[PDB]
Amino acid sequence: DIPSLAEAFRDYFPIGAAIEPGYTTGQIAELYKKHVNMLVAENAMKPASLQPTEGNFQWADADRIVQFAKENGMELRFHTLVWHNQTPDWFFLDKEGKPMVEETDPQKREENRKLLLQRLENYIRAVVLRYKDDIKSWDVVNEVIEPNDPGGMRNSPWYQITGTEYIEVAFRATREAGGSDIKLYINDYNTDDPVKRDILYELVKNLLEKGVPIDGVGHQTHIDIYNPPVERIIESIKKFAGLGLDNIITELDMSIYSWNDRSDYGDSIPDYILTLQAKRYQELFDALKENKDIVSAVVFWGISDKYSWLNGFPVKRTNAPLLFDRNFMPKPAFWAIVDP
């Protein structure tokens, strides 16, 4: 009989995990029931899943995850209302079916700006009205920052057509349809990086000054056994806390390969690698525990190494980013944080 992961952090913060509808039954489901008290949909609540084509919403998968959470008293997070990825291309086509970004006529572009914002409003209202009562934490916009793009704003179709308007409207629309009780977040990765951190900080500060309802920042925290320094992760969290914003570790996982490594340990995986992973995780959680009053939740991007995007991205290989192995057994990293 091993200890429950979430129970170990009873006095600090809830522990969550991303999930797919198919993992709501069977042994994998029992693993979730024993170790986490919060859930987020890995893919079932992205735009591509909820409204594949205009006016044709698909709720089954998302509803299933909501029901599983409620049956087990788990809190829910919504991932994610706005994102340049996994969003059907129909969103950005003009009335003739051609990409809005290609329009050169000023008047048609103005028409397209209003049309896209109308689509955004209607999409958000439908989704929020359906889940506002069961989901209290929302990733309203995701990955809108890109240092390499002009001004540091990701130059996605959303931005090319509406500038920062889509972000302002997204938060406002979510607040109006959802009420004052739900918490709204802007989520992103590499939020520990000084440059990206400050760009995000300036944007949020400006938006807050304009009255945009933003409650906190989501730090995906997709890191690895080598980088980045735990100090940088905490520095970012404290900086945003200075604006009165909450912080959530939203998609925590730890690749066993560095950024420039394309090798594959295969079945194996050296002992020191799993031990190093444990040391990194222990160091991270020791720091997160010291910041519990500004970090409302810590969510892992999964629960078992059997199911992780890192096993296929950037390449197909054997990764081991989580706390439980492919047989759902506790890894060194699990013991390192529940009994360090």
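Numbering starts at 1 and follows the sequence shown.
**Student:** Which of the two stretches, 161 to 169 or 121 to 129, shows the higher mean Cα temperature factor in the record?
**Tutor:** If you average the C-alpha B-factors of 161 to 169 and of 121 to 129, the larger mean comes out for 161 to 169.
**Student:** What stretch has the higher average Cα B-factor here, 291 to 299 or 271 to 279?
**Tutor:** Per the PDB entry, the higher value belongs to 271 to 279.
**Student:** Going by the entry, which of 139, 143, 261, 251 has the most elevated CA B factor?
**Tutor:** Spelled out: the listed residue with the top C-alpha B-factor is 261.
**Student:** From 79, 210, 222, 183, can you pick the one with the highest C-alpha B factor in the entry?
**Tutor:** Result of the comparison over 79, 210, 222, 183: 210.
**Student:** Could you tell me which third, lowest, middle or highest, the C-alpha B-factor of residue 27 occupies within its chain?
**Tutor:** It falls in the top third of the chain.
**Student:** Taking only the Cα B-factors deposited for this chain, tell me whether residue 47 sits in the lowest, middle or highest third.
**Tutor:** It falls in the bottom third of the chain.
**Student:** Could you look up the Cα B-factor of residue 328 in the entry and say which third of the chain it sits in: lowest, middle or highest?
**Tutor:** Residue 328: CA B-factor falls in the highest third of its chain.
**Student:** For residue 34, does the deposited CA B-factor place it in the lowest, middle or highest third of the chain?
**Tutor:** CA B-factor rank for residue 34: middle third.
**Student:** Would you mind ranking residue 102 by its C-alpha B-factor against the rest of the chain and naming the third, lowest, middle or highest?
**Tutor:** It belongs to the highest third of the chain when residues are ordered by C-alpha B-factor.
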